[PDB]
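In the form deposited in one PDB entry, a lone chain appears below as structure tokens.
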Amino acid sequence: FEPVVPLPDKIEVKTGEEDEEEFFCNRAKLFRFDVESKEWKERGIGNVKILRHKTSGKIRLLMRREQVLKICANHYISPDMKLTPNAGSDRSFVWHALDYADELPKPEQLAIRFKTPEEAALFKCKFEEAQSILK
């Protein structure tokens, strides 16, 4: 098969995290609430991270899907956010965020679940530690 478009140049591959340091990194499953259908819809499975920029001090939550490595959550952590358990669960949390996963600002109700309650508790710990030093 012959190419259809001209060969685009190679780019300098960057993750976008080079100037940030990880406060937290752990595998999780993400959900997004569809208020039209009133049902939770799987949003992505992979590593959720809490990242602090090394100069500005701004902290964000970032998550990537496995395999595709596409972004399923990207938003700055604000002091108004509150991680709330879902249905009396000790392994999952719900919160609201202005997400940028699709590179469009979308207000979303998100839920994140971890394999164990210890992982979930560490996430809440670091998520709220970040809320205390937000810049």
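Only residues modelled in both forms are compared. Think of the rigid core as the biggest set of C-alphas that the two forms share within 1.5 Å after superposition. Start at 1 and count along the sequence shown; that's the residue number.
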Out of 3-11 and 126-134, which stretch has the higher average CA B-factor listed in the record? 3-11
Out of 75-83 and 31-39, which stretch has the higher average CA B-factor listed in the record? 31-39
What's the residue among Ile45, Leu61, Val68, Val94 with the greatest CA temperature factor in the PDB record? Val68
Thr55 - Cα temperature factor, lowest/middle/highest third of chain: highest
Going by the entry, which third of its chain does the Cα temperature factor of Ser89 land in? highest
Consider only the C-alpha atoms of the modelled residues in this chain, order them by B-factor as the entry records it, and name the third containing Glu20: lowest, middle or highest. middle
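One more form of this protein exists, namely the form deposited in another entry; it is left out here, but the text below deals with it.
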Stretches of at least 3 common residues between the shown form and the other one with C-alpha displacement of 2 Å or more post rigid core fit fall at 1-13
